[PDB]
Each structure stands twice: as structure tokens, then as C-alpha cells.
2 protein chains.
Amino acid sequence: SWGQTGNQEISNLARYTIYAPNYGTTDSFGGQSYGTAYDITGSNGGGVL
Amino acid sequence: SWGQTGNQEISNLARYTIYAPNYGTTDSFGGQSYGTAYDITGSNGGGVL
């Protein structure tokens, strides 16, 4: 026998350029959350950045 | 016919004295959340009370 089979088993988002808001709400380990929030004002926080 | 039927259809907690933490995380209307959080320190917030 000879024959071929397709395979499409990849990330549903595989085609795309992906930007994510990733404020950084999520457990990391030793930092490197890679979040996009930042205290641009220098207040030290206490509220949404 | 004569006969009787019980009825027990009440709050599952009906028996008890209920204290709830109710920090106050929940939509109210015009206030009266009845929450137990308070800025006892007078900081104006920015962080857990």
C-alpha cells in the first residue's frame, strides 16, 4: 500500500500575530511574568496601573 | 379523605446563626453594600483593607 494523510494538529491561533494585554495577573516563578502593567507614575501602586 | 404532609422547603442554612465576612466585593445600588472592610488607618485605600 501507498498513501498520504494530512496533519493539521496545531495551535488554534497558529496563523496569527498575537498581541495579548497580559496585565500580569498570574502566578510566575522568580518573576518573569512578562506583564504589560507598569507604575509609569512612580506612585508605588495602590490602584490599577 | 384526611391526611397530612410535611413541608421542609426552607433555606439550607435556616437553623443557624450566620456570620459572613462580606468584605463588600459586590454590586450594590446607591451604597448599602453592608461590607465589613474599612480604612481604619485613614490612608484612603490603595491595597487590602
# chains A, B, ... in the order shown; residues from 1 in each chain; ligands from 1
>>> interface_residues(of="chain A", to="chain B", cutoff="9 Å", atoms="only C-alpha atoms", output="compact mmCIF listing (two decimals) with C-alpha atoms, in the first residue's frame")
# COMPACT_ATOMS: atom_id res chain seq x y z
CA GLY A 45 0.97 51.41 43.17
CA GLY A 46 -2.21 51.14 45.23
CA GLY A 47 -4.66 51.02 42.34
>>> calpha_fit_and_write(fixed="chain A", moving="chain B", output="JSON list (two decimals) with C-alpha atoms, in the first residue's frame")
[["chain", "number", "residue", "atom", "x", "y", "z"],
["B", 1, "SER", "CA", 0.00, 0.00, 0.00],
["B", 2, "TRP", "CA", 0.88, 3.64, -0.66],
["B", 3, "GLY", "CA", -1.00, 6.61, 0.70],
["B", 4, "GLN", "CA", -0.89, 10.01, 2.30],
["B", 5, "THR", "CA", -2.57, 11.60, 5.32],
["B", 6, "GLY", "CA", -2.79, 15.28, 6.24],
["B", 7, "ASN", "CA", -1.96, 16.66, 9.68],
["B", 8, "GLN", "CA", -3.41, 19.91, 10.97],
["B", 9, "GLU", "CA", -2.92, 19.38, 14.73],
["B", 10, "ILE", "CA", -1.58, 22.78, 15.74],
["B", 11, "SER", "CA", -2.45, 25.76, 17.95],
["B", 12, "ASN", "CA", -5.86, 27.19, 17.00],
["B", 13, "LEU", "CA", -4.11, 30.57, 16.75],
["B", 14, "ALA", "CA", -1.23, 29.27, 14.64],
["B", 15, "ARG", "CA", -1.80, 31.54, 11.62],
["B", 16, "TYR", "CA", -1.81, 34.86, 13.51],
["B", 17, "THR", "CA", 0.34, 37.59, 15.01],
["B", 18, "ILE", "CA", -0.80, 37.56, 18.63],
["B", 19, "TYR", "CA", -0.74, 40.51, 20.96],
["B", 20, "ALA", "CA", -2.11, 39.92, 24.45],
["B", 21, "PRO", "CA", -2.87, 42.51, 27.15],
["B", 22, "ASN", "CA", -1.26, 40.25, 29.84],
["B", 23, "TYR", "CA", -1.52, 42.85, 32.62],
["B", 24, "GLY", "CA", 0.26, 40.21, 34.69],
["B", 25, "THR", "CA", -2.37, 38.67, 36.95],
["B", 26, "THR", "CA", -0.92, 35.24, 37.10],
["B", 27, "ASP", "CA", 1.50, 33.21, 39.16],
["B", 28, "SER", "CA", 5.03, 33.28, 37.81],
["B", 29, "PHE", "CA", 8.20, 31.87, 39.40],
["B", 30, "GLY", "CA", 11.01, 34.16, 40.45],
["B", 31, "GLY", "CA", 9.49, 36.95, 38.35],
["B", 32, "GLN", "CA", 9.37, 36.96, 34.53],
["B", 33, "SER", "CA", 5.60, 37.40, 34.42],
["B", 34, "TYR", "CA", 6.29, 39.48, 31.26],
["B", 35, "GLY", "CA", 3.31, 41.65, 32.17],
["B", 36, "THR", "CA", 2.47, 44.93, 30.48],
["B", 37, "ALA", "CA", 1.44, 46.88, 33.59],
["B", 38, "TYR", "CA", 3.90, 49.45, 34.94],
["B", 39, "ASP", "CA", 3.86, 52.18, 37.60],
["B", 40, "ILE", "CA", 4.77, 54.81, 34.99],
["B", 41, "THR", "CA", 3.83, 57.46, 37.54],
["B", 42, "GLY", "CA", 6.16, 56.35, 40.35],
["B", 43, "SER", "CA", 3.42, 56.16, 42.99],
["B", 44, "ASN", "CA", 4.44, 52.63, 44.08],
["B", 45, "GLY", "CA", 0.97, 51.41, 43.17],
["B", 46, "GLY", "CA", -2.21, 51.14, 45.23],
["B", 47, "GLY", "CA", -4.66, 51.02, 42.34],
["B", 48, "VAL", "CA", -4.81, 49.94, 38.74],
["B", 49, "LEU", "CA", -1.61, 50.57, 36.72]]
